[PDB]
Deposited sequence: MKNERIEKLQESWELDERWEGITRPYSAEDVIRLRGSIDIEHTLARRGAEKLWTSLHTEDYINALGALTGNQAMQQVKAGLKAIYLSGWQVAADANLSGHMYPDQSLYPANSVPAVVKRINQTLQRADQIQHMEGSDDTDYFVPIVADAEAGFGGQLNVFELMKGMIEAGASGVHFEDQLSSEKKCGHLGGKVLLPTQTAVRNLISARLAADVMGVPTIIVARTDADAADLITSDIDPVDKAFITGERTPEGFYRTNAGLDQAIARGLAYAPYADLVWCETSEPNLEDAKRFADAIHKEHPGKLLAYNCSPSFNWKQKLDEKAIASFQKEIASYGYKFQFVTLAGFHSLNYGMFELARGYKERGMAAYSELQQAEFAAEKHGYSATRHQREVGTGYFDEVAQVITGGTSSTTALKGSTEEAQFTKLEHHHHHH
């Protein structure tokens, strides 16, 4: 009854949970935890640090990362969150090793492997700085990871959520698409789950976070803006949008648009810490519309916005773009992210370098290196590549093990 107490208590009495329904008991959670409590330091400090930041910052902008090096540069650049894109993992970082489109094709433990990758890189960055006493950068920046539609049912979602926390994610996002026909937000052929089925996914995620004993941030996303199909008419709430027309597959045609997005947003809002409307373009008016509707029933709900590379941020005007993030943080969009920054950064950079190189050999490469040296004074250390990867950290381990007598120390003698 005492482990149940120090849980039921926190719910009642913690501002962290104001405007959050949990339609299970603290008795249920402790029945599923098993007989002991396992601490998850990284995911707990993470969840706490992201929650603080979202209330103490004007807003928090992130870029997608599909490597720990990529995330380490985000953090050395001064970003205060990391976005783990399911698209990017599908494209270049999943456990199958295949390039896939964004249709839940990869094995469901792929994203959590990348979260652990990122945290292990950040820890090494922290270990190097600590040993040196060379700077006071907090490398443990919260990671917000894509759980797509949970890769199947309520129990897959549960397992996935447990995986994300084990890995040490600070926040996870679930979308109201059908796992079986899941797509990129900015592709056609999207299929919605009944509102109740999307709400059961969100309860599942939170119950998983409760069993793991961690206040992980849960983002509810809706695809209901473009999505004009749904799997069932079973929820009265959705009958308001169905035409009655049906595809061969059996799915139901629906009136997509900001109305459906808004219907989902208010339904999911009592079960999420942030709400996120996938949009087909970066329309300020629609962002404001979407926000207001949520805020009427859910005053000061933290909202999230995908500043998508699937948009042409130029066909949009130049001064509007410089001010977009500040402009939408205004409406309540306190977590903002460029989903595919890492994919475009990675492909653009290697294509331009390989072409410089094919055309002009090491001259081309010396342009990167020189660009690297000029960037040292701004906090780019990766130019000194052996230090960046912790060659100095492992030298110090060798000196401690050998009491200083090692002749095979790496850094002294290096060229």
No C-alpha coordinates anywhere in a stretch? Then put that deposited-sequence range on the list, in order along the chain. 1-2, 318, 419-433
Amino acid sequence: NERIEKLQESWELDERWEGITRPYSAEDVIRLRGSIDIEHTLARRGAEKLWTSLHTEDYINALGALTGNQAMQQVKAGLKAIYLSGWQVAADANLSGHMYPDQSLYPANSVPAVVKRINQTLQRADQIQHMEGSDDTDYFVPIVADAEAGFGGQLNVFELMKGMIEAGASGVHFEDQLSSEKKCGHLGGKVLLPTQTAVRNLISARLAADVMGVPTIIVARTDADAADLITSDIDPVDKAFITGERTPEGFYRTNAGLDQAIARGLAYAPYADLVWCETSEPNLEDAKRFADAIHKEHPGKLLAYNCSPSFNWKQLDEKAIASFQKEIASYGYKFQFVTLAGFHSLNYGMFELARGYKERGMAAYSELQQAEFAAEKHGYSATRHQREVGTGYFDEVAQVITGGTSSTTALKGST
From here on, numbers count along this sequence of modelled residues.
Higher mean Cα B-factor in the deposited model: 62-70 or 24-32? 24-32
Comparing mean C-alpha B factor in the record for 176-184 and 79-87, the higher one is 176-184
Between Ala256, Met161, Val211, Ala125, which one tops the list for Cα B-factor in this entry? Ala256
Quick one: which of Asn109, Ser170, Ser232, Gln120 has the biggest Cα B-factor according to the entry? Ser232
Lowest, middle or highest third: where is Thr56 by Cα B-factor in its chain? highest
Could you say whether, by C-alpha temperature factor, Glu352 belongs to the lowest, middle or highest third of its chain? lowest
Would you mind checking where the Cα B-factor of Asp292 ranks among the modelled residues of its chain, as the lowest, middle or highest third? highest
For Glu388, does the deposited CA B-factor place it in the lowest, middle or highest third of the chain? lowest
Among the chain's modelled residues, which third holds the C-alpha B-factor of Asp102? lowest
